[PDB]
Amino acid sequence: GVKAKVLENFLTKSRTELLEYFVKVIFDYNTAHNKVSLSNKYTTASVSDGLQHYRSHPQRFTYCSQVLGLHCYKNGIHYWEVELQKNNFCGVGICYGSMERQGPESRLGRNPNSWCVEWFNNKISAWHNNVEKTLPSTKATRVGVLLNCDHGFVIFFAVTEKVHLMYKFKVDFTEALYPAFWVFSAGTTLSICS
């Protein structure tokens, strides 16, 4: 019952307040799909023209152009921001480590093991468990993710002058979460903000 109270508090926090929970995210080399190149000390992920040299790995995505953060979060509260390149097809979210890495089930937001917001075909959508909800359009090119492991929720914010709520999900999480990302189409790039 007190989860609602904590959620309401976090929905009203300023960017400065959310940054008290800042975590440094870096992209995990062993998860990147071979169409995804990592650069800038593992803080930029881009769609590569040709295939990357990666060897197969049980954690590596082989169906969807995705990559995860290296660290997972099991307890406490965590906040990070991602800068998107204008007009790119891309997605920003969280997933359980037990999310599939092969097949259509590995796609972020299309299974019960992940939650995301996604820019695609000129729309912005929130996804979980293969259910999509179209969100109001915004010109924001930065997204903030507030993950609360203790009271069970994730909030997606559009970051411009201030933070603006995009969507939130309440969940009693059953295992640790990793930051999760999708990039698609030549030129698409996204970066973890400092």
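One rule holds for the numbers: they count along the sequence shown, beginning at 1.
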| property | result |
| --- | --- |
| Stretch with the greater mean C-alpha B-factor as recorded in the entry, comparing 54-62 against 147-155 | 147-155 |
| Which of 161-169 and 30-38 has higher mean CA B factor, as the PDB entry lists it | 161-169 |
| Third assignment of residue 44 from its chain's C-alpha B-factors | lowest |
| Residue 123 by Cα B-factor - lowest, middle or highest third of the modelled chain | middle |
| Among modelled residues of the same chain, the CA temperature factor third for residue 140 | highest |
| Chain-relative CA temperature factor third for residue 89 | highest |
| Where the record places residue 21 (Cα B-factor, split into thirds across the chain) | middle |
